[PDB]
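Below: the structure, in structure tokens.
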Ligand SMILES: *B([O])(=O)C1=[C]C([N]C(=O)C2=NC3=C([C]=[C]C(O[C])=[C]3)C(O[C])=[C]2)=[C]C(C(=O)N([C])[C]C2=[C][C]=[C][C]=[C]2)=[C]1
Ligand SMILES: [Mg+2]
Ligand SMILES: [Mg+2]
Ligand SMILES: [Mg+2]
Ligand SMILES: [Mg+2]
């Protein structure tokens, strides 16, 4: 069954909802199973001597922490995990290779020629494992509400974190609290104190970058280092530069919807607006002003998708592509860039005509 | 009424003998923070500007000061001292500082001698200064007497809860505001609307979080870039972010005002902080952890600690705050009292180290 699933995930437009339907009764374990296959594929199980039992124990507990809410659930976490894996292992045109300090190489694809390069050849294995694990944790115990909702309500979580990245801090904090909750979860037992401390730091930094209030800040920092005409781009020997690359990568993965085929894009859109409408129902019941795009009476779906693709997803993918980090094939053809522009065009048509 | 004038006259000195005050209070020394908060708010007029009812004010700040533990340094007296320091630095006349005036406060304890002098109270709105004072009151609430490095190394519950990023400061702000929202008998800001209260909470949280010394050099760099630029015009007082940065630097200076005081208060605070250090070192040794620097009572190295702290932490902060022209003083050249204290203490401890 391992070969079957890994071949289906080699496609960027991985039909994940077909997988959830295929698992059916055991669909609650999709995040743990996908974690196992990807770590065996990248070889992370053998590189860090990760025991299978503790690995599976923690991530079954982790996926149990995801609620049964429309969007921020196990399937969203599985999708973001798949996206970061694809973006870091697949060949990127014109990118130079360095080591292909441990580095991974995906058994699912080899660089077709020297003109292609992989991010796995430029970022150490420890840093990439943090990105994958952070993708698994990045929305742990999401209550289906926004940060702005919690701060307006003065919810306990918002007061506990002083309104600064409420959901994202809680995700990382409660995930790591779960990790340290039982010795049967310590699958990193073969990492020393320095390596484990650094791993935790990288995971926490990756999770906190998923906050969209800091979106434009991360975008500015990434363009200064990579997309500067007078600078030498990204120095892969720099620890801070690699961290910035990983943070921008996971940001793109957490909002990959518009960068997929319209089928998957619309499915994810359906989920997130259903979560929005549940929050809007509660806002109305509490006598609070309904947040924008959260009233099921006046949806304004076209305006929501159009502004989100144009102001958030658009500039992020264009910056990531201008830096030469998107996987594709030789002009250059980029799959998700074509999907992103196609989805943006359709939603502009729906907006202008309706 | 009679005790009010005595205390307000005693606090007008930069070297306010606060330990004489705790000795005078004796049995009721636990309410020093609440008494000083009430006295300062009555002096600055914040009680009447925001229509603060006395009962809820006193209730909340008595609970707040009760939240401080009986530890050598991070206690009620430290919070009271930081509050006094920010009050002095924001109300007292500064040579060459411009005056401007949205409500603003003016301390009844002093008036600007002439137009060549200016007060921060005349340039920063009353809401932001009240936020700074309240943050000084909260800035070390429920401090357990350990360092951030100790909590992250131990994987303490607080350190895991805040993801190792400014654990103690986040805890201070969060538990202080939870206490404020714990009971309706604490809501003394009930005459502030939603926007004013949200802004006040934001300013308080930023001021509290700025006290982290891990972010010290970052705040110092931003302040030198904005204020201490030779080609720039310093601080634009109409800018919200500039005023926030000024207040953050002010409370940072207040949180470590020791070396900028007379030798008596400096050495008393040094005794407190090194006793807390030695307790943490005892616990680190019992747990088999490497003893943090200057926290082993067997090898104290007190002179090296004082000199490194003055040269690397207090020194550059005071020099940046003075170069921006925000330190209260008197014309002559300009004489700044705490600059004189700081240079005197720095010379004394450099002598103790070299000899
Ligand atoms: B709490 O949170 O507030 C804290 C505190 C501190 N402090 C110190 O250290 C000191 N202080 C002082 C002095 C003198 C005088 C005074 O008065 C006020 C004060 C001294 O001398 C020596 C000292 C601190 C803290 C912290 O943070 N830690 C300890 C850690 C670190 C280290 C190094 C660097 C940074 C940080 C807190
Ligand atoms: Mg999220
Ligand atoms: Mg997410
Ligand atoms: Mg503190
Ligand atoms: Mg303090």
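Restricting attention to segment B:160-186, the residues that are within 12 Å of chain A (Cβ to nearest Cβ) and not in a helix (DSSP H, G or I) total 7. The single condition among (1) touching a strand residue (DSSP E or B) at 6+ places or on another chain (Cβ under 6 Å); (2) within 16 Å of ligand 4 (Cβ to nearest atom) that residue B:134 does not satisfy is (1). Of the helices (runs of 4 or more DSSP H) contained entirely in segment B:207-310, those carrying at least 2 residues that are closer than 22 Å to residue B:118 by Cβ fall at B:216-226, B:240-254. Any residue at all in segment B:237-257 that is farther than 24 Å from residue B:346 by Cα, over 23 Å from the mean Cα position of the chain (by Cα) and crowded, with 19+ Cβ neighbours inside 10 Å? Checked segment B:237-257: no residue is farther than 24 Å from residue B:346 by Cα, over 23 Å from the mean Cα position of the chain (by Cα) and crowded, with 19+ Cβ neighbours inside 10 Å. Residues that are within 24 Å of residue B:100 (Cα to Cα) and surrounded by 14 or more Cβ atoms within 10 Å (Cβ to Cβ) do not occur anywhere in segment B:265-275. A single member of B:168, B:203 is over 18 Å from residue A:169 (Cβ atoms) and away from ligand 3 (no atom under 16 Å from the Cβ), and it is B:203.
Considering the conditions (1) within 16 Å of ligand 4 (Cβ to nearest atom); (2) more than 30 Å from residue B:198 (Cβ to Cβ), residue A:162 is excluded by exactly one of them, (2). Got at least one residue in segment B:229-248 being within 14 Å of ligand 4 (Cβ to nearest atom) and within 17 Å of residue B:324 (Cα to Cα)? Yes, segment B:229-248 contains at least one residue that is within 14 Å of ligand 4 (Cβ to nearest atom) and within 17 Å of residue B:324 (Cα to Cα). Just so you know, in segment A:208-222 the residues that are farther than 20 Å from residue A:170 by Cα and surrounded by 16 or more Cβ atoms within 10 Å (Cβ to Cβ) include one that is nearest to the other protein chains (Cβ to nearest Cβ), and it is A:218. One residue is enough: does segment A:192-207 have a residue meeting the conditions more than 13 Å from every other protein chain (Cβ to nearest Cβ), surrounded by fewer than 17 Cβ atoms within 10 Å (Cβ to Cβ) and on the phi < 0 side of the Ramachandran plot? Yes, the conditions are met somewhere in segment A:192-207.
Checking every residue in segment B:172-190 against the condition of being surrounded by fewer than 22 Cβ atoms within 10 Å (Cβ to Cβ), within 16 Å of ligand 5 (Cβ to nearest atom) and closer than 30 Å to residue A:179 by Cβ gives at least one match. Residue under question is residue B:265, and the condition is that it be within 14 Å of chain A (Cβ to nearest Cβ) and more than 16 Å from ligand 3 (Cβ to nearest atom); does it hold? Answer is no for this residue. Might you let me know whether segment A:332-349 holds any residue that is under 23 Å from residue A:211 (Cα atoms), part of a helix (DSSP H, G or I) and more than 18 Å from the chain's Cα centre (by Cα)? Yes, because at least one residue in segment A:332-349 is under 23 Å from residue A:211 (Cα atoms), part of a helix (DSSP H, G or I) and more than 18 Å from the chain's Cα centre (by Cα). So, in segment A:134-159, of the ones that are away from ligand 2 (no atom under 16 Å from the Cβ) and part of a helix (DSSP H, G or I), which residue ends up surrounded by the most Cβ atoms within 10 Å (Cβ to Cβ)? My answer is A:159.
Positions of Cβ are backbone-derived with ideal geometry, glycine not excepted, and every protein chain shown enters the neighbour counts. Here, each number is a calculation from the coordinates, and none is a lab measurement.
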